[PDB]
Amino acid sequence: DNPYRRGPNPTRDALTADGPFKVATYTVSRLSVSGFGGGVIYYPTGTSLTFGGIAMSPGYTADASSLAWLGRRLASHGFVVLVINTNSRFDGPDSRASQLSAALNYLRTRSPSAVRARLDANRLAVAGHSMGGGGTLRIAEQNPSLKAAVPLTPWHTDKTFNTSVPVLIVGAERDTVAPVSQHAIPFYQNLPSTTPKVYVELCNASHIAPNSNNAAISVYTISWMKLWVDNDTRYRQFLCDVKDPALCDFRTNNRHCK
């Protein structure tokens, strides 16, 4: 019925580990691409199907290795995932937006044949950490054709993003870098009331929670990407009536549950 469904029926536990797709990697050198600093593509192998694509930005001073676990994790559940390096590690949030745009255009038009073979260029999404999460919100405003956006412990000096793209923000309760009271929560609240939106707040977590294997980040990120990129309603169950002891807050306008 849904041509985009991939993988077996999910359980929560399965979404805390790598998924059913073997993962191939391709390193994109900085000098081979224009408009961003290269990165690493994580993509399914051992399959003849196609999948949505995700461009993901690390944060300020960080490189793509800071999100390697999550690029791999997403790809292993059935996505083509480019974790970018930026032109400079010091680039700001709006520069990271522009570089995610470049990276998406790259993925759709100039990626290697084995990567392009696995990509449905009509189904793209974004995610990012810290200033990369600020860039995720900005590109979502700029590009309403994106299917989903997942800002992880985001940072931006602008607080109101005018996007219709479904957004799930992950905040870290004890973040002192991008405090949730100043960043994540304002971002959530200021999104349009008509845009599907979720805020999950990790109990006891620091700003760097996204930089290593994290069950909650895995569950929510996979689930939001599945629901919106693949229209896979088998993942609604993880995003509605949410009962998770790893979370100390959870807010939504419930547009994806009704």
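Numbers follow the displayed sequence, beginning with 1.
J.: If you take the mean CA temperature factor per stretch, which one wins between 26 to 34 and 220 to 228?
T.: Taking the mean C-alpha B-factor of 220 to 228 and of 26 to 34, the larger value falls to 26 to 34.
J.: Read off the CA B-factors in the entry, average them over 106 to 114 and over 120 to 128, and name the higher stretch.
T.: Higher mean C-alpha B-factor: 106 to 114.
J.: Grab the CA temperature factor for residue 173 from the record and place it in the lowest, middle or highest third of its chain.
T.: For residue 173, the deposited C-alpha B-factor lands in the lowest third.
J.: Looking at the C-alpha B-factor of residue 53, is it in the lowest, middle or highest third of its chain?
T.: Lowest third, going by the recorded CA B-factors of the chain.
J.: Check where residue 164 lands among this chain's C-alpha B-factors and tell me if it's the lowest, middle or highest third.
T.: Ranked within chain, residue 164 CA B lands in the middle tercile.
J.: Looking at the temperature factor on the CA atom of residue 144, which third of the chain's modelled residues does it land in?
T.: Highest third.
J.: Lowest, middle or highest third of the chain for the C-alpha temperature factor of residue 198?
T.: Lowest third - that is where residue 198 ends up once the chain's C-alpha B-factors are sorted.
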